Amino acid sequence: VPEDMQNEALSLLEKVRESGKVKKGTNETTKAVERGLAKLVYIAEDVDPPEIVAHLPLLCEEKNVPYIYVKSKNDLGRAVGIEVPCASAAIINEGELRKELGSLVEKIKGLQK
């Protein structure tokens, strides 16, 4: 995954919360995809463990939900407007960014073809 396309996602995410709705933390993120409410899922690459966020990759591709990998969990942290680093996040409501997001959805899907 790109670092250029990565800064984009974080941007969307940080604003997405201003209008739409976002879920922060592996626990809520997982339960989000399991309930088909995961528009997009963010995953940090710098996790401790691994065994703590490893299940997500699979669950998304099988739930037909897009997942994006990000460099630092701290970045995913300040994006979510949280104080503690976040290891994973899932946006459940695109909000007033929907369209602006749908484009990002394809850029990732067009990264695995």
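So that the term is clear: the rigid core is the largest set of C-alpha atoms that superpose within 1.5 Å between two forms. So that there is no doubt, residue numbering starts at 1 and follows the sequence shown.
> Core-superposed in 6 other deposited structures of this protein, which stretch deviates more in Cα positions, 97 to 105 or 21 to 29?
Replying inline: Checking 97 to 105 against 21 to 29 in 6 other deposited structures of this protein, I find the farther stretch is 97 to 105.
>> On mean Cα temperature factor in this entry, is 57 to 65 or 22 to 30 the higher one?
In response: The recorded data point to 57 to 65.
>> When the Cα temperature factors in the entry are averaged, is it 86 to 94 or 100 to 108 that ends up higher?
In response: Looking at the record's C-alpha B-factors, the answer is 100 to 108.
> When the modelled residues of the chain are sorted by Cα temperature factor, does residue 81 land in the lowest, middle or highest third?
Replying inline: It belongs to the lowest third of the chain when residues are ordered by C-alpha B-factor.
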